[PDB]
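Worksheet: one structure, shown below.
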2 protein chains.
Amino acid sequence: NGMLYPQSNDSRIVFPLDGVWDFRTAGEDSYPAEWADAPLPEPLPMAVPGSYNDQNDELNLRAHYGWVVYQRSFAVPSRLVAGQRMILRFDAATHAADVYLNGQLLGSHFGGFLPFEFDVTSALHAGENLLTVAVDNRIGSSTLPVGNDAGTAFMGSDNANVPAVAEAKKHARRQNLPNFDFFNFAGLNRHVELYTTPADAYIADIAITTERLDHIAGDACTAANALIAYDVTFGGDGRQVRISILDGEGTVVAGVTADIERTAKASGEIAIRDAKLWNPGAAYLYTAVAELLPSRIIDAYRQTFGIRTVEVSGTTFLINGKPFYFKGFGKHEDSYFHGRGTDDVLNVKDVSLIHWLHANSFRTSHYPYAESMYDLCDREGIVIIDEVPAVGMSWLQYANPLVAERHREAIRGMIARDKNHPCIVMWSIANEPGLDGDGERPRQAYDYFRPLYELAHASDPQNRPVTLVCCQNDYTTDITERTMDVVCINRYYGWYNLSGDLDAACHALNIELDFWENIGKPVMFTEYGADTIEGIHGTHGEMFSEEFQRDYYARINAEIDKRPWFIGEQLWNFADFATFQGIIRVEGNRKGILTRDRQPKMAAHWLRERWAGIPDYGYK
Amino acid sequence: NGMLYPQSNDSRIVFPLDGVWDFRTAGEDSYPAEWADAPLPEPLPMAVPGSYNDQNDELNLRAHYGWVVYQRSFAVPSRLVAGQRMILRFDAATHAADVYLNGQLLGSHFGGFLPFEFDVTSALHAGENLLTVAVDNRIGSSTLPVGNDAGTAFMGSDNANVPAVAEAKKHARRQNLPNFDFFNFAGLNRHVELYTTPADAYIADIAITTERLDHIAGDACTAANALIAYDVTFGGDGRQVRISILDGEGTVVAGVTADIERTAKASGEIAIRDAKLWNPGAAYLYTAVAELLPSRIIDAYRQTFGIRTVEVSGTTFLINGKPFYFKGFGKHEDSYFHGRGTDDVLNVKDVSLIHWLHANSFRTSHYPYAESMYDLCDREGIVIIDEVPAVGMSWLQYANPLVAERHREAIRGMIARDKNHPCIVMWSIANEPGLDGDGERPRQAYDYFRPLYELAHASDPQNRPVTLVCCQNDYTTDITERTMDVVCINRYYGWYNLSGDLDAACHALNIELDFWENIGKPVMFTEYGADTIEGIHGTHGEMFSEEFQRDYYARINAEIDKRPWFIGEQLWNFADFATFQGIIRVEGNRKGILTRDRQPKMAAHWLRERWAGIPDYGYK
């Protein structure tokens, strides 16, 4: 269950496998088995980590459907592997992968956005090893994120009644048709590494929680006492683990030795007096050092954490008991040459842009992001809503057992991966599924989602709030969104409807606001905005101009400011990003308040000025 | 019935009324009629001719619904009006006008793209005269071009099932919702002038026709003999008219003196040897000078004309008996500050661009253009397909008698204004009306359009072919298009359907071309294309890039080159132009091969190269 990010220390070494690999495209539903047995013939170079789609302009890899195959060699010293447990970790391979080492199948994985690993202690050998990783990009009616099996991509144009068109569709080259509004970037999107733990007994998982705060200071910077809980799981095979709590200067401030009981597990609580709390805008981090004992140490793992509480109370969202206000946007992992490939230079810049804007939060629309971005947000005091790739879903999926299982896997796997970040305050279990309509459809959606909501509460030792991000729908027949712990709505009044009329758009919004006023749940925007081509200007700004985007936020934000129970504004989007090509996507989605190159459109300046005058705590 | 453009000479003077008029916005369904009795109060300046929408950036005149009132003063010497018939001509007031001169209502007009005039002999007086013109911009289900009474504009986005949207629509500010893909520019779009004829008897109309050509040269530059026919109508009240035919040097090469018979009319024929023929790419113009005899001259008009025949024969389009191929585009009367207002600097520049491109034709999409433009294409050898504003129609309109009358007025009024131009080779009676479907719908559309097809044939003394420009539809249940003289199809395979997939698009195209091969009529494109933002580039061009627009035409044009019966390629559009705002219109329609400022995109260079190798005659 545990997927602690590989660490190097006195018991453990991490050997990164990143670099420029060999690569070949292969078939729509096969690849040659002998490519895992001997060097790939006539290989193309491919950097990892990185999407493969934008790394070759001689090929049209954006159009590729099916498999591709990655390969490299690596050698490691014998004295490093001797006696150790050897683990090969894939931070992400999108969407599915088969992995081979020295011609032997290690195993397969499905789920493009969460890590998997393999024990390679016995397949490794001395000298050069040959690592082949076949990667399947296919999406469809049973994958998460959801592909369309036939027809068009999401928000695609059609003339389906034209006989020529129905006929030509039967014979068109097969391609992935996203039922989601971002490009289907594929491949070894995050890092690959070999790493070492002791073999006889090792730390397999840690979980740290904030159980209780007594007498939080008026400014929320400290509490008189913090009660944290620890849970350490071990693998392998009278034993003990020492747990030391380090403050932000590394000083030991608490420490206990705990008995390991046999799914070997040490569990307990620790009191921290004068604890320093973690807050949006004022991060503070501790470390939990777990040392498995035999003076010598058998195994060790340093787990970062932050001391804070999260609680929904009536129509308030309380962090360390203070009424928080979300200022932010949905993001994407998306950039010009990487595609969805992790890039920590961009993560760092993006976090400073978040501060420059005076935002305080974002959502991982629409898949768990690379692990380092959460470590960055823990240290920079940015709040995250962590979301699974359950985007594109409708009634066809709810009745599909394989989708339900993949959905539960993504939820468990996300929470297992990310449970220790203080910056995560809330989980999202889907983006824009079909929840409304008539007949049994609202109930069928409810019955699909209610156990997933429960599953997110039960997998999280911190028991954070759980939401479901809702599309623009008939809010009167949707019975699912209103039961979430926070209502998170995507609304495009004045863009996809009442187009360009901000008066009518604000009047429509207030009518739906009047509906949510009585539900008695905290409500926030998780999407709203307007496609905007930088450099299109007008004195009376129309759709696609910079002015219209600034006018859109100014008018919409003035409405929600009148609602005490509206606790957050996460717009769509932080930055322009790539989508499948289509008549409404001008080189992708252009709702960024920043360009794809992260430059600020007029609305970013206006939003930065508004957010500089809105406090994290106490705005409502 | 005739609308000869105002001409000055020994018997007639034209007094222009263009310039900077006074102006006011008024109400949605009314304006103050006492404004005709005195200077408009607190007036704005407004240049005439021109759309008013983009002449004031303090107000949002693009958003204006209803009436505006223009006004100016003018004075002329009494010795000029003395004894003369005084005609006040509006070349175009879009869409409807009430016209007042010195407080007297002169009358009203509907039809925003065709000239209309009033006899003011008895409403003029010495000194300053006060001219007041109310202009009505409203469109709806009984106008041509067609507006939508509720709902969205054409190609508009909606979320109609959201209750807040349905409720906000009831109270939204009224705006015109075009059922056509171009901005509803209104005002005194074309020139205003007062002109003189003799009162007692005057030339009222002139029509010249090329009746027959004997022994046309191999290169079609001359014929051994040409038979032309004249028809001169007079107003007012043993008389005669002298008709002289001047060649391009002004030499009288033929001439006749004809008897006038009462409705007063002179008609006859005139043989012209070694006649110099008007062809695409090689214009030649004659002048028919009509002189009303009493040695003195009572009245005179100089009517330009060109000698050429047009004939559809099987699957060929014959100009002077040679098989012609259309190269060109739909156009728009559209530019940055003028809106739809006429601009002769622009007309001259566009005609030079048509030459630069090696194009030979365009269509007047989707309304008759200004009269100067056709004179310019007469002298520059550019063929025109002339089209009425019947755009946006479906079954709702076919049962409306007010609309059917407007449609007959537009066809008769277009052809009466334009009959003499040799550059006009073909009439279009409608753009993209609903024609297909099931039940009685196809037959209803056929019963509506067939009398209009006959009316165009019978209004035109030259009896040129008539078409109807068809939208992308189910060509197997459309039964009207196939009965036109030439089949003119708007097709967006690979743009609005099969999006981005040029192989699938070309397959679909060929399936439809197989249908049309069996029909046996000459066929041509009148629209096809791809929105394109200049500067957007990719090595594998995706939609909106310049490379995609170029690849779109390369692939499509290689398919129609395989079809001998496919007689023309008029793409959409010559240049980017403004539309009602919406999610598919990035600052208007971007399918121009030129930008709105007439700069070549990549595709314009590619097309220029293809067209330079394609002859006007004999390519197929």
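Where a number appears in this text, it was derived from the coordinates with a stated rule and is not lab data. Neighbour counts run over all protein chains shown; Cβ positions are idealised from the backbone, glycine included.
Can you tell me what the convex hull of the Cα atoms of the protein assembly as shown projects to on average, as an area in nm²? Working shown, then result.
Working: hull surface 213.6 nm².
So the mean shadow area of the Cα hull is 53.4 nm².
Counting other beta carbons within 10 Å of each residue's own, what order do B:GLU42, B:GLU333 fall into, fewest first? Working shown, then result.
Values: B:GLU42 7, B:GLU333 28.
Ordered by Cβ neighbours within 10 Å, fewest first: B:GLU42, B:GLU333.
Residues with amide H under 5 Å of B:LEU106's amide H, sequence separation 5 or more or different chain, H placed in the peptide plane at 1.01 Å from N; which?
Residues meeting the criterion, in which the H sits 1.01 Å from N, are B:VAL99, B:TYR100, B:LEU101.
What ranking do A:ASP57, B:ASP158, A:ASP22 get, fewest neighbouring Cβ atoms within 10 angstrom at the top?
Details: A:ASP57 10, B:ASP158 15, A:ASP22 19.
Ascending number of Cβ neighbours within 10 Å: A:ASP57, B:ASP158, A:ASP22.
For region B:512-620, what does the convex hull of the Cα positions come to per residue, in cubic angstrom?
126
With unit charges on the beta carbon (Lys/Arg positive, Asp/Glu negative), name the residue among B:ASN56, A:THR257, B:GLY434 whose Cα is farthest towards the positive pole of the charge dipole of the protein assembly as shown.
The residue sitting farthest along the positive end of the dipole is B:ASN56.
For the pair A:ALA554 and B:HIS171, what calculated FRET efficiency results from E = 1/(1 + (r/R0)^6), where r is the Cβ-Cβ distance and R0 = 25 Å, to the nearest 0.05? Working shown, then result.
Values: r = 21 Å, r/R0 = 0.85.
FRET efficiency, B:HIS171 to A:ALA554: 0.70.
How many angstrom lie between the C-alpha centres of region B:138-193 and region B:5-73?
Between the Cα centres of region B:138-193 and region B:5-73 lies a distance of 23 Å.
Which distances, shortest first and in nm, link B:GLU454 to the matching position in the other copies, using label points set 7 Å out along Cα to C-beta?
Once sorted, the set of distances for B:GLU454 reads 7.5 nm.
What translational diffusion coefficient, to the nearest whole µm²/s, does region A:75-218 have by Stokes-Einstein, given a Kirkwood radius computed over alpha-carbon pairs, a temperature of 20 °C and 1.002 mPa s viscosity?
My calculation gives 111 µm²/s for D.
Based on the Cβ-Cβ distance of B:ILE614 and B:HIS457, what FRET efficiency does E = 1/(1 + (r/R0)^6) give at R0 = 35 Å, to the nearest 0.05?
Details: r = 30 Å, r/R0 = 0.86.
The calculated FRET efficiency here is 0.70.
How large is the helix-only mean residue ellipticity at 222 nm for the protein assembly as shown, computed as the sum of -39500 (n - 2.57) over DSSP H runs with n ≥ 4, divided by its residue count, in deg cm²/dmol to the nearest 500? Numbers along the way, then the final one.
Details: 20 runs with 244 residues, N = 1240.
It comes out at -6000 deg cm²/dmol, rounded to the nearest 500.
Could you work out how far apart the two model spin labels at B:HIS537 and B:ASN9 are, taking each label as a point 7 Å from the Cα in the direction of the beta carbon, and quote it in nm?
Result: 5.6 nm between the two label points.
Over all directions, what mean area does the Cα convex hull of chain B project, stated in square nanometres?
For chain B, averaging the hull's shadow over all directions gives 29.2 nm².
May I ask you to sort B:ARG62, A:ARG610 by Cβ crowding, counting other Cβ atoms within 10 Å and putting the fewest first?
Values: B:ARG62 21, A:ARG610 18.
Neighbour counts put them in this order, fewest first: A:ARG610, B:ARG62.
Which one of A:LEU80, A:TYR65, A:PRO39 has its Cα pushed farthest toward the positive end of the charge dipole of region A:1-82, where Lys and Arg give +1 and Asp and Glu give -1 at the Cβ?
Checking the options against the dipole of region A:1-82, the answer is A:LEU80.
From the label point of B:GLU440, set 7 Å from Cα along Cα→Cβ, how far away are the matching label points in the other copies, in nm, ordered shortest to longest?
Shortest to longest, the spacings are 4.1 nm.
Would you kindly derive the ³J(HN,Hα) couplings of region A:137-153 from the backbone phi angles with the Karplus curve 6.51 cos²θ - 1.76 cosθ + 1.60 (θ = phi - 60°), listing them in order in whole Hz, with x for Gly and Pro?
Each residue of region A:137-153 in turn: 9, 6, 10, x, 6, 10, 9, 10, x, 7, x, 8, 6, 8, x, 10, 6 Hz.
Once a ≥ b ≥ c are taken as the square roots of the eigenvalues of the Cα gyration tensor of region B:159-263, is the result rounded (a/c under 1.5), prolate (a/b larger than b/c) or oblate (a/b not larger than b/c)? Walk me through the intermediate numbers first.
Working: a/c = 3.91, a/b = 2.08, b/c = 1.88.
Prolate.
Count neighbours as other Cβ atoms within 10 Å of each site's Cβ, and list the trypsin sites (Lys or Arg not before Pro) in region B:502-567 that are DSSP loop with at most 12 such neighbours. Could the numbers behind the result be given before it?
On the way: sites: B:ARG550, B:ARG555, B:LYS562; in loops: B:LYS562.
Qualifying residues, ordered by number: B:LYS562.
Given labels modelled 7 Å from the Cα in the Cβ direction, how far is it in nm from B:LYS562 to A:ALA75?
Label at B:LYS562, label at A:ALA75, 5.7 nm between them.
With the label 7 angstrom out along Cα to Cβ, how close does B:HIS171 come to the same site in each of the other copies, in nm, nearest first?
The answer, with the shortest distance listed first, is 5.6 nm.
May I ask which of A:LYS419/A:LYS601; A:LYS169/B:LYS169; A:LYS331/A:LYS419; B:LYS322/B:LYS591; A:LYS327/A:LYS562; B:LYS322/B:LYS419 have a Cα-Cα span longer than 26 Å here?
Numbers: A:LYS419/A:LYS601 35 Å; A:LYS169/B:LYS169 37 Å; A:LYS331/A:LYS419 20 Å; B:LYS322/B:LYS591 32 Å; A:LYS327/A:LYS562 16 Å; B:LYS322/B:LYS419 22 Å.
Cα-Cα > 26 Å for A:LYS419/A:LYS601; A:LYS169/B:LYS169; B:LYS322/B:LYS591; rest within.
Put +1 on the Cβ of each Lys and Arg and -1 on the Cβ of each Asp and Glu in region A:474-620; which of A:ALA508, A:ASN497, A:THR483 then has its Cα farthest toward the positive end of the dipole?
A:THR483
Karplus couplings for region B:191-205 from phi (6.51 cos²θ - 1.76 cosθ + 1.60, θ = phi - 60°), rounded to Hz, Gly and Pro as x?
Karplus values, whole Hz, x for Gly and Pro: 5, 10, 7, 9, 9, 10, 10, x, 6, 6, 7, 7, 5, 10, 6.
Provide the per-residue ³J(HN,Hα) series for region B:13-25, in order, calculated from phi with Karplus coefficients 6.51, -1.76, 1.60 and θ = phi - 60°, each as a whole number of Hz, with x at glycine and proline positions.
Once rounded to whole Hz, the list reads 10, 10, 10, x, 10, 5, x, 9, 7, 8, 7, 8, 6.
Calculate the FRET efficiency for A:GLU269 and B:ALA160 from the Cβ-Cβ distance with a Förster distance of 51 Å, rounded to the nearest 0.05. Mind showing how you got there, number by number?
Values: r = 56 Å, r/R0 = 1.09.
The value I calculate is 0.35.
At 0.36 nm per residue, and after removing the present C-alpha to C-alpha distance, how many nm does the segment from B:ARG379 to B:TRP356 gain when stretched out fully? Please list the in-between numbers first.
Values: separation 23, 0.36 × 23 = 8.28 nm, distance 1.62 nm.
Additional length available on full extension: 6.7 nm.
Pairs of Cα atoms under 8 Å, at least six residues apart: use those to get the relative contact order of region B:553-608, whole percent. Walk me through the numbers before you get to the answer.
Working: 52 pairs, mean separation 15.1, N = 56.
That works out to 27 percent.
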